[PDB]
């Protein structure tokens, strides 16, 4: 890991524990990644001292792009889940059958985080906010719309998130809940050779158009645009550096 009123706009100023709160990209070429994600999503950036490049859209923080640490590596989109007391949560990880990959530490005055794996090996950050809460805009076009745990052992994984952050779920595909709020999903991965991981979806107006634009911008279409019944339409894409993520047009 690199750190080593119902109709209102979906602004966020707070995250309940268990809610995915943030995604960031660690990459081999920050400059190039910036241009690519601008091409797809229209992001601007605020560089903060390497440099952590905060992606912005309509005056709101939506994600970030970070440089790699030493060692080697394929670029990756990281997911973070909000927690009230990261130290307390971390204390439950090993008893719950997971691993603490990166022990808890303070990131400037942004917050405090740990990087863990669940018992199925899917990695996720635990984020205790100080100055930085996470995304201040979600769901809208160009922003984070869904976080999905792709794992070959959903119930085992989800028992762990219940024990450690209090996430519950219901089946319909598993929809994850932090209290009464739906905050993400979980299912078995699409193909052999896909590691268990937290998958990142950004909202788009037209999955097909975005997929075409991705290829034209030097990325790759990993899974061509396809419909998910009653949900909408998605494509799985790679940026030109190799980082995989999906785009979703919701119906």
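Residue numbers count along the first chain shown, from 1.
Unmodelled residues of the deposited sequence between residue 4 and residue 5: 4 to 9. Per the record, residue 72 and residue 73 are separated by 1 to 3 deposited residues that are missing from the model.
Mean CA B-factor, 85-93 versus 116-124: the higher value falls on 85-93. For the two regions 134-142 and 102-110, the entry's Cα B-factors average higher over 102-110. Out of 162, 180, 155, 148, it is 180 whose C-alpha atom has the highest B-factor in the PDB entry.
When the modelled residues of the chain are ordered by C-alpha B-factor, residue 67 sits in the highest third.
Per-chain ranking of the deposited C-alpha B factor places residue 42 in the middle third. When the modelled residues of the chain are ordered by C-alpha B-factor, residue 56 sits in the highest third. Sort the modelled residues of the chain by CA B factor and residue 218 lands in the middle third.
Among all modelled residues in its chain, residue 26 ranks in the middle third by Cα B-factor.
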